[PDB]
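1. sequence unknown, structure follows:
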């Protein structure tokens, strides 16, 4: 009258999620909907997966961190630095100040570039400043002071 | 057949090549015969189903605990693994008991800290992911210095 | 020694300071003696090995299930 | 921080910073838009801006072009 | 490129003056694609047939036998001399055909069909209406026979229902499943006194020879139990080509 | 593009054409709605080389 | 067969169980010849039909009028339609029609 459950069992009618090998490199948790949290002891990899394609990987072979989306958005930190790729758009918003800085050159490209300040705007090169165009170049203001 | 009382100690011999696709393990019992290779036993686990469950498998030489169905020597069942002074546990026990988690052969860790409320994933190479309440945020750290 | 049938209920008393470095836990059995502190028992777990395994430990007062090797108390 | 079918988005109530010891590159296949209360661009060496179908610099107040020596065309 | 049916293609070399289009010349073709084959081997195939759906106008002539081929990297090769036994008699009754599959069947450079399978083919040149309709085609088939051990005398009086046999008398772990999809065929019970009397009283009158309306009718109903009713027409002829009866 | 091809019918599958690199392609197919002297166009082209 | 096997051999005279009889006795069937079992299965069936003016006279196609194709031959319409669930006998055409 006092039964106690001590664990579940697999069989040939209810197969295990992985096949056993002599090297025995893979472990983890697998669920009904095929979501996985797994460890790989051969390459030292930790991964979280969703059947839709969303994946998070911490890897020693890749020597970094990778976040992959099912839409093609990709974020990566590796020995070459930090990279971000998006097939649609990238946005950045802040309620304080947004600062960008490099110890080397800064490069901005695009089909059109629009810089707009609600207050003063200022650009400065310490060994020469150049503004040019292949078409008409325009300098406009309420009052223009050259030097 | 003459029966058996209580639980017994077993030692793992082989993980793969089950003659039948039943996901069994070859185990021997040292007090019956330490020279023979033993018989195939079933594994009870935390979760199991159709392509579902927790998949952790011992290594050759590991010590396990055995029960028997209907007290029949021909029907062994594995009930879990054991640590000892010859196979130390990954952590030392304390009176406060603040740290829990999973540790693997290659020293990859998924751990919880109940003192400071920290969740961390670590790879021996230095790649780390931390969710912290003391830091009140999220941190991703790479082995190359990317932060 | 007179033996024991089936499985029993135990209660945790102490987690640390095993006289031998074997990673055992002090447990008492309420139907033998609810006043004594009990004896040291081994833990079977999901995964265990050389510096390997799942490390979860109960707290003082938790209820556990006990089996016995060769029906020896 | 979010990645979804609309792309990548970041929002911070306080501040956002970006630092590198090499070169920081920003690139788009469409228009690039920068806004703020004040905009300050400062280079330790040459500074250069270029539009391939026209370049415009303007202000609602005074517009100033300064240098040690100014060469128009 | 040649563009083939079902979505395949083929490369063309103009130095050899190939045809402009893929070439087809036969009235009926059936393609059979197989999985997990390990040549050379032996394939028993079961054809289950609906026996009432064929054309009865004339018997299939000898110039129009069925033909069997196997595929080898976009080239078809004949199987005519590797058939051991065809119990379907050319797809007129249900039965097993026993094919031997040689080792030079190929699947590395197939482009006209799915490259993940091996392919066989059955064709008919003309009068495709003299082939019956199909219910199933299966592999790993065998035929078994009833053996009596003191059973009911009325067992053989009715067919065995489909799905009855699924077990082995001495079970074995290498076999995982057994199936019986259709009913049994061909049984007959041992005679009882009343039918004995009927048979012998009829024989004492027609003497086992057919000379009159009574003789033709009773000699058929006794030999073939699967007939329900029959009629003998005197001095009448039937023309197969016109489907006309001459009175 | 052989590694990002277009199907002939967006409602069915076909096998991708095997090219070593992207090239423009033209398809010539027979018209199935035509009947000339109660015969198909194939009747006229089966024997052409 | 089971997933871990490659081949298996059945010998003549092997017995199979067919339930019980109307009197409560057991029935048995035996195998007629030796057989070997492996893992091959049928994966797909397709059909092709070539129409002509010589059908009404039962001869070889000479004056062609059409070529028809059934990519899923074992179905009601030749392209994957399901059979009505209440139909007892479900048959299909081996080559198709026009």
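-> Cool, got the structure. Numbers count the residues shown, from 1 in each chain, chains lettered A, B, ... in the order given.

2. Which residue ranges of chain E form helices?
-> E:193-206, E:213-223 (DSSP state H).

3. tell me the contacts of residue E:136?
-> E:46-48, E:181 (C-beta atoms under 8 Å, 6 or more residues apart in numbering or on different chains). Backbone N, C-alpha and C define where each C-beta goes, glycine included.

4. could you redo the last one with a cut-off of 6 Å?
-> Applying C-beta atoms under 6 Å, 6 or more residues apart in numbering or on different chains, we find residue E:136 in contact with residue E:48.

5. residues in chain A within reach of chain C, list them.
-> For chain A, no residue is in contact with chain C (C-beta under 6 Å from any C-beta of the partner chain).

6. Residue of chain A closest to chain G, please.
-> Closest residue of chain A to chain G, C-beta to the nearest C-beta: residue A:12 (7.5 Å).

7. Tell me the residue of chain B that sits nearest chain G?
-> Taking C-beta to the nearest C-beta, chain B has residue B:21 as its residue nearest chain G, at 4.9 Å.

8. Test my guess that that residue contacts residue A:11.
-> No: here residue B:21 lies out of contact with residue A:11, judged by C-beta atoms under 6 Å, at a distance of 9.1 Å.

9. Between the two ends of stretch B:61-77, what distance do you get?
-> 17 Å (C-alpha to C-alpha, to the nearest Å).

10. do the same with stretch E:21-38
-> Start-to-end span of stretch E:21-38 (C-alpha to C-alpha) is 34 Å.

11. what ranges do the strands span in chain B?
-> Taking DSSP state E as the test, the strands found in chain B are B:8-14, B:25-28, B:39-45, B:48-49, B:52-55, B:63-68, B:76-82, B:99-103, B:109-113, B:118-122, B:128-132, B:137-141.

12. do chain G as well
-> G:8-10, G:15-20, G:26-31, G:35-37, G:41-52, G:64-70.

13. what's next to the fourth one, contact-wise?
-> In this case it means strand G:35-37. For strand G:35-37, using C-beta under 6 Å, 6+ apart, the contacting residues are E:140, E:142, G:1, G:8-10.

14. Filter those residues down to the buried ones.
-> Using 16 or more other C-beta atoms under 10 Å in any protein chain shown as the burial test, the contacts of strand G:35-37 include E:140, G:10 as buried.

15. hmm, which two among the contacts of strand G:35-37 are most spread apart?
-> Greatest spacing in the contacts of strand G:35-37, by C-beta to C-beta: E:142 and G:1 (13.6 Å).

16. isn't the residue of chain A closest to chain G right up against residue B:22?
-> Yes: using C-beta under 6 Å, residue A:12 is in contact with residue B:22, at 5.4 Å.

17. Report the contact partners of residue B:99.
-> Contacts of residue B:99 by C-beta under 6 Å, 6+ apart are residue B:113.

18. ok, 10 Å please
-> Residues in contact with residue B:99, defined by C-beta atoms under 10 Å, 6 or more residues apart in numbering or on different chains, are B:90-92, B:111-115, B:118, C:55, C:57.

19. Quickly list what it is bridged to.
-> Counting by DSSP bridges, residue B:99 forms beta bridges with residue B:113.

20. and the gap between it and residue A:37?
-> Distance from residue B:99 to residue A:37, counting by C-beta to C-beta, to the nearest Å: 20 Å.

21. Tell me the spacing between the nearest residue to residue E:247 once chain neighbours are set aside and chain D.
-> Excluding its sequence neighbours, the residue lying closest to residue E:247 (C-beta to C-beta, 6 or more residues apart in numbering or on different chains) is residue E:236, at 5.9 Å. Look at residue E:236 and chain D: by C-beta to the nearest C-beta, to the nearest Å, they are 81 Å apart.

22. I'd say residue E:236 and residue E:213 touch.
-> No: counting by C-beta atoms under 10 Å, residue E:236 stays clear of residue E:213, with 12.0 Å between them.

23. more crowded one of those two?
-> residue E:213 (12 against 9; other C-beta atoms under 10 Å in any protein chain shown).

24. Excluding chain neighbours, what is closest to residue G:9?
-> residue G:36 is the one closest to residue G:9 (C-beta to C-beta, 6+ apart), at 5.2 Å.

25. Spell out for me which residue occupies the centre of chain G.
-> Centroid check for chain G by C-alpha atoms, centre = their mean gives residue G:74 as the closest residue, at 8.8 Å.

26. related to what we said a few turns ago, could I get the contacts of residue B:99 as JSON lines with distance to residue A:91?
-> What follows is the contacts of residue B:99, written out as JSON lines (distance: C-beta to C-beta, whole Å):
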{"residue": "B:90", "distance to residue A:91": "44"}
{"residue": "B:91", "distance to residue A:91": "44"}
{"residue": "B:92", "distance to residue A:91": "49"}
{"residue": "B:111", "distance to residue A:91": "35"}
{"residue": "B:112", "distance to residue A:91": "34"}
{"residue": "B:113", "distance to residue A:91": "35"}
{"residue": "B:114", "distance to residue A:91": "38"}
{"residue": "B:115", "distance to residue A:91": "38"}
{"residue": "B:118", "distance to residue A:91": "31"}
{"residue": "C:55", "distance to residue A:91": "43"}
{"residue": "C:57", "distance to residue A:91": "47"}
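
27. tell me which parts of chain G are close to chain B?
-> Within reach of chain B by C-beta under 10 Å from any C-beta of the partner chain, chain G has these residues: G:2-5.

28. Pull out the buried positions in the longest strand that chain E contains.
-> For chain E, the strand with the greatest residue count under DSSP E is strand E:41-50. Using 16+ other C-beta under 10 Å as the test for burial, strand E:41-50 gives E:41, E:43-49.

29. Would you point out which residue of chain B is nearest chain E?
-> For chain B, C-beta to the nearest C-beta, closest residue to chain E: residue B:20, 5.9 Å.

30. what residues are up against the nearest residue to that residue once chain neighbours are set aside?
-> Spatial nearest neighbour of residue B:20, excluding adjacent residues (C-beta to C-beta, 6+ apart): residue E:173 at 5.9 Å. Residues near residue E:173 by C-beta under 10 Å, 6+ apart: A:12, B:19-22, G:2, G:4-5.
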